[PDB]
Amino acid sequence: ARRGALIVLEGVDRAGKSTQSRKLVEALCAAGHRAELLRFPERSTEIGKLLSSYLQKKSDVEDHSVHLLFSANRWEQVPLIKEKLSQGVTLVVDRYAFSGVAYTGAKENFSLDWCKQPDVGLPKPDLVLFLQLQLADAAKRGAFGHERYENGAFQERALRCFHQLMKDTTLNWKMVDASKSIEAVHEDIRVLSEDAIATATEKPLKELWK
């Protein structure tokens, strides 16, 4: 059976990830692909609830612990991800391990190396779209929410960490100009996704960062 592709959308807050992930799944399904939507954090699980409470500031969680919970929250979906891909379903994922490293990396004394380790071995995305736009342009998209990390200084530090990660050529990173209109960004992402879905059927799923 021809496997589905694992496509991840990354970027800072308000980059358009959730909008574009939803629209990409809709468009791929309308074009005859079997595509499904996933997101991280997956706030529905027991770990997910801990993470949601933390992000809402309803609880405080030690920084290393929360970093590990974010990773554990990905691992608990790995059996499902592998099964779906093997069944031929393409998975469009709103955030993945890259957000995990970039957001914890925005905290002092968290090396990129330590942050990556827990996620070493996850299913490696076939395509990582980075929805690029200036933080000042993202800032024009209404106001910051009230969750943790939703402030200018944290986003700036997370973006710099994403830039560091984009130096890993082991991954198929594709820059997307996320400053355009919702429909224009969508078309760019959809074309990239269709190419990746066709090529993913030619090579086995690999392991991230290993």
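For every residue, the number given is its place in the sequence shown, counted from 1.
Relative to its counterpart among 161 to 169 and 52 to 60, 161 to 169 has the higher mean temperature factor, C-alpha atoms as listed in the PDB entry. Once the C-alpha B-factors are averaged per stretch, 173 to 181 and 25 to 33 rank with 173 to 181 first. Between the residues 68, 143, 38, 47, it is 143 that shows the highest Cα B-factor in the PDB record.
Comparing the C-alpha B-factors of 115, 136, 72, 91 in the entry, the top value falls on 136. Ranked against the other modelled residues of its chain, the C-alpha B-factor of residue 15 as given in the entry falls in the middle third. For residue 208, the recorded CA temperature factor ranks within the middle third of the chain's modelled residues. Among the modelled residues of the chain, residue 119 sits in the lowest third by CA temperature factor in this PDB entry. In the deposited entry, the Cα temperature factor of residue 132 places it in the middle third of its chain's modelled residues.
Compared with the other modelled residues of the chain, the Cα B-factor recorded for residue 109 ranks in the highest third.
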